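Don't worry about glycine lacking a Cβ; one is built from the backbone with ideal geometry, like all the others, and counts go over all protein chains shown. Coordinate-derived values only; no laboratory data.
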Amino acid sequence: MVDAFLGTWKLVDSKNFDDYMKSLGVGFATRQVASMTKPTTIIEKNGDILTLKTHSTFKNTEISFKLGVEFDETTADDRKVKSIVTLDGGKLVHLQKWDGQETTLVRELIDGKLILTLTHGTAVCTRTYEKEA
Ligand SMILES: CCCCCCCCCCCCCCCCCCCCCC(=O)O
């Protein structure tokens, strides 16, 4: 179900990430560094457990989760959120909840590229990831 998402992915296009970060209250200096960063995302599974790593020159994160089971997460911008990841229409949908707020991180495969759509408030960001061999 999730297997075409697995592997190492490199950022190759970003649209509106500053809008998304600003909506979350990320400070200007952080947004500035993050606008030039090209993370690597690694998605691996071991049975029912997925591990999603995001690596860059500015910040690393790692989460492990079971699809459909809530987990605690501390985001790159230090929000303490309640998270759940599920497959929905073949997309990997990550919902974060905190302080009555929500944001979604939706990953889809289109022509072998990984498209990540980030929504918070009215801000919508689209990031495109290609495969690393
Ligand atoms: C994911 C952190 C990776 C480190 C890269 C250097 C900074 C860019 C990521 C964000 C760190 C700055 C704070 C804002 C983070 C917002 C929420 C997560 C968005 C992930 C976008 C994506 O996975 O492409």
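For the residue pairs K38/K97; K10/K97; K22/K59, the C-alpha atoms sit more than 21 angstrom apart in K38/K97; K10/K97. As a proxy for reagent exposure, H94, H55 were ordered by neighbouring Cβ count within 10 angstrom, fewest first; the result is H55, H94. From helices alone, the chain scores -2500 deg cm²/dmol at 222 nm; the rule is -39500 (n - 2.57) for each run of n ≥ 4 DSSP H residues, then divide by the residue total. Straight-line reach from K66: taking Cα to Cα under 15 Å and skipping same-chain neighbours fewer than 8 places apart, the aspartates and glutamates in range are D3, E44, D48, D88. Our coupling estimate for region 116-122, obtained by passing each phi through the Karplus curve with A = 6.51, B = -1.76, C = 1.60 and θ = phi - 60°, is 9, 10, 10, 10, 8, x, 9 Hz, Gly and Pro reported as x.
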